[PDB]
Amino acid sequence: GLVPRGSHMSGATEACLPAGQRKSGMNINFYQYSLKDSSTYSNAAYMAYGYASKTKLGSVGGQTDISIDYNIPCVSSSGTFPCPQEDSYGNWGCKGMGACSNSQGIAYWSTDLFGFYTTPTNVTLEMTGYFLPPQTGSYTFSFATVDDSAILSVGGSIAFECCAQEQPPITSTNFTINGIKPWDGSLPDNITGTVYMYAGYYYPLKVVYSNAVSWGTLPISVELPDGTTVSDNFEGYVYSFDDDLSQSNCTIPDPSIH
């Protein structure tokens, strides 16, 4: 046939072609989240957009290394050092450091999250940008684990609106990865999600992540169509554009026939 038929029942993911100046990396916004609040982050509305109704703490731009690996301090006999969670023991010590005198249950201040000084123990963050596939095919995004709650969304009208990266969050709960902390306990059902992407189109990407206490962990990866995996460092794949709500042609509803 002269032309491709298109994905069935307009099933292609919406993408974008922003015409402005591209910037490397994602924007990270930080919002207040209460220490030891084990319920707010279990609501889909909160993780999709309600986080932005809490106080905005600040932001950092241009971030390409997007995984989270926050370790609380151990105040030890030889000084204060971050403790890998698997090395914590007893009530409590950190392997190779002895007993720790400090509480696992208080807020801690650090620049560990993207250089931004905040409380990684208790915070919500929103990562936004556009994913640029170099290859047409199936991409599988993953979280290796989630501590405490997280979502990943891909696509125009799902992550955010084309050419409108900096706007308040949209209300879609059609997450690509639903890593929301269950009300009962541990292990959302599925922490991978696959998206079919066409090379050279910009796909809106949003990650919302929350920690309520102590350790924070979100190892982000993507499996490319060629079978290789990109983990943590998304340089060359993720970009930002300043809003341009005037760019009439920015939205590509069906990259399968554009």
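Here the rigid core means the biggest group of C-alpha atoms that line up within 1.5 Å when the two forms are laid on top of each other. A residue's number is simply how far along the shown sequence it sits, counting from 1.
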Say the other structures are aligned on the rigid core; which stretch then has the higher CA RMS in 7 other deposited structures of this protein, 138-146 or 182-190? 182-190
Once average C-alpha B-factors are taken from the entry for 164-172 and 150-158, the winner is 164-172
Selected stretch [higher average CA B-factor]: 176-184 or 110-118: 176-184
At the C-alpha atoms, which of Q32, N29, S210, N233 reaches the highest B-factor in this entry? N233
Among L218, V60, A44, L205, which carries the highest Cα B-factor? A44
Which third, lowest, middle or highest, does the CA B-factor of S214 fall in along this chain? lowest
Give the position of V238 by CA B-factor within its chain, expressed as the lowest, middle or highest third. middle
In terms of the chain's CA B-factor thirds, is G93 lowest, middle or highest? lowest
Of the three thirds of its chain by CA temperature factor, lowest, middle or highest, which one includes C74? lowest
Quick check for you: using the entry's CA B-factors within this chain, is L132 in the lowest, middle or highest third? middle
